[PDB]
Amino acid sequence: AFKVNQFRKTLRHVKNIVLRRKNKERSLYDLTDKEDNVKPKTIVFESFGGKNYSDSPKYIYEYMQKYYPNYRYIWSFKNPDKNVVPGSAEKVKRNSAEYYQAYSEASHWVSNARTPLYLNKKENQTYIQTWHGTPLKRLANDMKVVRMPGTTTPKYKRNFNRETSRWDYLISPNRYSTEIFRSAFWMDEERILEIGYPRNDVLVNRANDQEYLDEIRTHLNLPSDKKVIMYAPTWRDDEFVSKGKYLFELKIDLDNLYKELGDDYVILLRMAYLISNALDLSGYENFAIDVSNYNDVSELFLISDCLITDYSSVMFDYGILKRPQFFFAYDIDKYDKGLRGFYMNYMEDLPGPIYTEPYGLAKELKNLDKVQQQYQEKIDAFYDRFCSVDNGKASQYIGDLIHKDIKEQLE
């Protein structure tokens, strides 16, 4: 009478219930997850595995809120109380009974990072995967070796693969990424929507919306007369030391930037969360504004006159605006010398100069116009390759597609 798989689960759950394991919520879900639980107008959102309300899901959501308030919107979070969601969406805490109800019921899953393999994406449901940016470093399959603790390359890749096979829909911002995903994610071009990122929507539809460039600016208490510079270096293992209490000042040399640019500029510093609540910005008030904790990074872009980064997929997002970029790669030699661990030729076809010391960077920074002119060539070359595909309608395209998928399911 009893099937073998149900049995294995039946025991697992007996063990979680009697030993008071916290995963009892999960095992129950495994036993009772039926293809019949799906409610065609329940859609579940989650971004970066629950840290945020943010990114492509946010916008795919905000659009679907203005055009179909009639559906049941659920968001998932690590700490639902510490997040704020506009509209009629209800929120669920990761790993609670509600969390699993939601994922079981939903006809659609919107997400921008991997969702856990312990969740059944039934053949009954559509998992739309937006991902979170054009790749610069190699990921998934294309990685060579991965000495990540607790997990080995083959196992890590087997698992990443089990997860992409669940992607009914994978978004792409460009053929560069489409070409890449196909190999890296074990995808079939059939399922890749080359429609651009919904989070990048507002880079197209608002680049000139002054009352809105002003909300952002006066939200951050930014000076009335000063142009904006964003700096966003990627995380580097290296630089962590001594409990993470007192850091050494940024290599970009802040005291310098204050001397050279303090009159004409202000610098939005966007660091990793560990450098940030370790950074003392005493006596840089109204010059360096810490911006690492700001929810929506696309808004930061809209108000920036240029973007200093190093090895980061954000250059591909900012490029939509065709503004100048500088690449402050002080540790470019420690990074393989001439590394092909990069899907692109970093040494040639990015839209700005590569600086290793931060002083000719600052000087150059004085006159943006000379840089915009000098590099207009490489900046447009960049815009056609990696940015020429966003409509401003990406949130629309996905949201509509959902809707469409859910009229059919309504027959």
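Just count from 1 along the sequence shown to find any residue number.
Novice: Averaging C-alpha B-factors over each stretch, which comes out higher, 295 to 303 or 244 to 252?
Specialist: Stretch with the higher mean C-alpha B-factor: 244 to 252.
Novice: Can you tell me whether 13 to 21 has a higher mean C-alpha B factor than 399 to 407 in this record, or the other way round?
Specialist: Mean C-alpha B-factor is greater for 399 to 407.
Novice: Can you tell me which of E285, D214, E163, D310 has the maximum CA B-factor listed in the PDB entry?
Specialist: Each of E285, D214, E163, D310 was compared by C-alpha B-factor; the highest is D214.
Novice: Going by the CA temperature factor in the entry, name the top one among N200, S76, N208, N112.
Specialist: Among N200, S76, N208, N112, the highest C-alpha B-factor in the entry belongs to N208.
Novice: With respect to C-alpha B-factor, does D290 fall in the lowest, middle or highest third of the chain as deposited?
Specialist: Ranked within chain, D290 CA B lands in the lowest tercile.
Novice: What third of the chain, by the recorded C-alpha B-factor, contains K39?
Specialist: Top third by C-alpha B-factor.
Novice: Lowest, middle or highest third: where is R72 by C-alpha B factor in its chain?
Specialist: Within its chain, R72 is a middle-third residue by C-alpha B-factor, going by the deposited values.
Novice: Place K58 in the lowest, middle or highest third of its chain's C-alpha B-factors, as listed in the PDB entry.
Specialist: Ranked within chain, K58 CA B lands in the lowest tercile.
Novice: Against its chain's modelled residues, does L28's Cα B factor rank lowest, middle or highest third?
Specialist: It belongs to the lowest third of the chain when residues are ordered by C-alpha B-factor.
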